[PDB]
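Sequence order for the protein chains is A and B.
Heads up: take any position in the first sequence, counting from 1, add 53, and you land on the working numbering.
Heads up: take any position in the second sequence, counting from 1, add 557, and you land on the working numbering.
Here the structure is laid out as structure tokens; the discussion comes afterwards.
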Amino acid sequence: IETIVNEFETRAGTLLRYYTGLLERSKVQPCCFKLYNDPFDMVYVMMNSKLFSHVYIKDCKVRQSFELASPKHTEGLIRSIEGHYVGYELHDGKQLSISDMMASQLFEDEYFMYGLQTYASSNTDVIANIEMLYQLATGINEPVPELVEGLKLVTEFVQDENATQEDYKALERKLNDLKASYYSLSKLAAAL
Amino acid sequence: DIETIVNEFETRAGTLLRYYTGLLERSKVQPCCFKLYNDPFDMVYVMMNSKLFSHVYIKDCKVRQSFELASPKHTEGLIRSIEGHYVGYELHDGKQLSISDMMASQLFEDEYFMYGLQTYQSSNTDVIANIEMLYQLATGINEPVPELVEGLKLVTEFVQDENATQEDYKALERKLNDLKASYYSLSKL
Ligand SMILES: [Cl-]
Ligand SMILES: [Cl-]
């Protein structure tokens, strides 16, 4: 596990550069690295021309990583680069910084929740959702602990316990606790 | 034989990178050619042999000379134009310079660049390397002020020299120097 040093203002950028860098080499030989002082503490794997990532969980055996990029699909990485500077306009008018964009996907997606339940545009596919959370995460410098803990609990839950209804609802209260500190209640309230 | 693709990101540097790494596979087994819709710099773009080259459309002039924007281990030039689009460049005096001023400065405010154009082991920066940085910077500028479009088109057409003469250099220089004065709101002198 090479830890490599950041060469851009965004992790998404350093990741885009190595991804193309290592793309060829990766078809014959899996590469594997960390970024220095990654606030999200991800392990990155280049295998077979794809980039994968999972936040590191100590207790937990990881049997499941998440795709950051494929050859014809780098727009995830690129969009976190742009998004990191100017956030995101949703099609119904509004504007979200990359952190609120991620907080939204993590805490205000009932389709996502529903899919987590069921585990043990609007998507309902748990892995797709997480992958996209991962992509946002690579554009965010100094994330509030609730994005960090949020991404870790979701990525843990899916490393299967053949997870039970109990593990799901334990998770659904934890995320609510975090949705609670992340957003001021009185703001959730004016959003209906 | 020029496919046209439509801007997919706030910046051309961004779209360029998505396509570059998307077409890496085909470009070895085939050359590869295209254009961004409404590119203010009118670049024609070629992927060939795992690299991406560019040149500004001239075409009265036939182009012996094209310019490398990326290669598989060297995409940072383009990524940097994304960052510098939003936030510009931090100089050794703690000041912050925009991508436009940075392009301006490389094009108009650099005398090693000029002498090398006169001319057209090691040295500080070769002429083609200079113009490549200029092209790379260009892809990060949204609504480029005319002197930048002009300057880049000039210097580009110059370098397809056909053994261009002392006279042609001096034609270039006066114009660059005009464009300079307009760009900087120099009072003359
Ligand atoms: Cl950070
Ligand atoms: Cl434009």
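Virtual Cβ for every residue (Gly too), placed ideally from N, Cα, C.
Counting only Cβ pairs nearer than 9 angstroms, list the residues of chain A close to residue 578 of chain B. For the purposes of this step, residue 578 of chain B is identified with residue 21 of the second sequence, where counting begins at 1. Under the 9 angstroms cutoff, chain A gives 69, 72, 73, 76, 122, 124, 125, 127.
Check the DSSP bridge columns for residue 98 of chain A and list the partner residues they point to. Working through the first sequence from its first residue, we reach residue 98 of chain A at position 45. Its beta-bridge partners are A:85, A:105.
Supposed contact pair residue 61 of chain A and residue 636 of chain B - C-beta distance, whole angstroms, cut 8 angstroms: As a position in the second sequence, residue 636 of chain B is number 79, starting the count at 1. As a position in the first sequence, residue 61 of chain A is number 8, starting the count at 1. With a Cβ gap of about 6 angstroms, residue 636 of chain B and residue 61 of chain A count as contacting.
Touching or not, the segment 122-131 of chain A and the segment 227-235 of chain A, by the rule of three or more beta carbon pairs under 8 angstroms? The segment 122-131 of chain A is not in contact with the segment 227-235 of chain A.
Output the distance between the C-alpha atoms of residue 99 of chain A and residue 109 of chain A, rounded to the nearest integer angstrom. Working through the first sequence from its first residue, we reach residue 99 of chain A at position 46. Working through the first sequence from its first residue, we reach residue 109 of chain A at position 56. Cα-Cα distance, rounded: 16 angstroms.
Residues proximal to ligand 1 by C-beta, any heavy atom closer than 5 angstroms: A:92, A:194, A:195
C-alpha gap between residue 117 of chain A and residue 594 of chain B, whole angstroms: Looking up residue 117 of chain A in the first sequence gives position 64. Looking up residue 594 of chain B in the second sequence gives position 37. When rounded, the distance between both Cα atoms is 40 angstroms.
If you check the beta carbons only, do residue 119 of chain A and residue 187 of chain A fall under 7 angstroms apart? The residue you call residue 119 of chain A lines up with position 66 of the first sequence. The residue you call residue 187 of chain A lines up with position 134 of the first sequence. Yes, the pair counts as a contact, with Cβ atoms nearer than the cut-off.
Can you tell me whether DSSP reads residue 57 of chain A as helix, strand or coil? Start at 1 with the first residue of the first sequence, and residue 57 of chain A comes out as number 4. Of the three classes helix, strand and coil, the one that applies to residue 57 of chain A here is strand, per DSSP.
Does chain B have any CB closer than 7 angstroms to the CB of residue 66 of chain A? Mapped onto the first sequence, residue 66 of chain A falls at position 13. Closer than 7 angstroms to some Cβ of chain B, the Cβ of residue 66 of chain A qualifies, so yes.
Residue 193 of chain A CB to nearest chain B CB: under 7 angstroms? Here residue 193 of chain A refers to the residue found at position 140 of the first sequence. It does not; no Cβ of chain B falls within 7 angstroms.
When the Cβ atoms of the segment 130-146 of chain A are set against those of the segment 196-208 of chain A, are three or more pairs found closer than 8 angstroms? no
How is residue 655 of chain B classed by DSSP in three states: helix, strand or coil? For the purposes of this step, residue 655 of chain B is taken as the residue at position 98 of the second sequence. Here residue 655 of chain B sits in coil by DSSP.
Given this structure, state the Cα-to-Cα distance separating residue 221 of chain A from residue 211 of chain A, to the nearest angstrom. Here residue 221 of chain A refers to the residue found at position 168 of the first sequence. Here residue 211 of chain A refers to the residue found at position 158 of the first sequence. Each residue's alpha carbon lies about 10 angstroms from the other.
If we ignore side chains and look at the alpha-carbon of each, how far apart do residue 172 of chain A and residue 111 of chain A end up? Locating residue 172 of chain A in the first sequence gives position 119, where the first residue counts as 1. Locating residue 111 of chain A in the first sequence gives position 58, where the first residue counts as 1. Approximately 22 angstroms between the Cα atoms of the pair.
Euclidean distance between Cα positions of residue 169 of chain A and residue 213 of chain A: Along the first sequence, one-based indexing puts residue 169 of chain A at 116. Along the first sequence, one-based indexing puts residue 213 of chain A at 160. One C-alpha to the other measures close to 12 angstroms.
Rounded to the nearest angstrom, what separates residue 155 of chain A and residue 193 of chain A at their Cα positions? Counting from 1 along the first sequence, the entry for residue 155 of chain A is found at position 102. Counting from 1 along the first sequence, the entry for residue 193 of chain A is found at position 140. Their Cα atoms are separated by approximately 9 angstroms.
Cβ neighbours of residue 66 of chain A in the same chain (closer than 6 angstroms, five flanking residues each side left out): As a working note, residue 66 of chain A is residue 13 in the first sequence. Excluding residues within five positions, the ones whose Cβ falls inside 6 angstroms are 134.
Helix, strand or coil at residue 141 of chain A according to DSSP, with G and I counted as helix: Position 88 of the first sequence holds residue 141 of chain A. DSSP places residue 141 of chain A in strand when its eight states are reduced to three.
Between the CA atoms of residue 709 of chain B and residue 183 of chain A - distance to the nearest angstrom: For this step, residue 183 of chain A is matched to residue 130 along the first sequence. For this step, residue 709 of chain B is matched to residue 152 along the second sequence. The straight-line gap from Cα to Cα measures roughly 44 angstroms.
Can you pull the chain A residues whose beta carbon is under 7 angstroms from the beta carbon of residue 594 of chain B, in chain order? Start at 1 with the first residue of the second sequence, and residue 594 of chain B comes out as number 37. In chain A, no part has a C-beta under 7 angstroms from the C-beta of residue 594 of chain B; the shortest such distance is about 17 angstroms.
For the alpha helix (DSSP H) containing residue 210 of chain A, list its first residue and its last residue. As a position in the first sequence, residue 210 of chain A is number 157, starting the count at 1. Per DSSP, the unbroken alpha helix (DSSP H) holding residue 210 of chain A starts and ends at 198-211.
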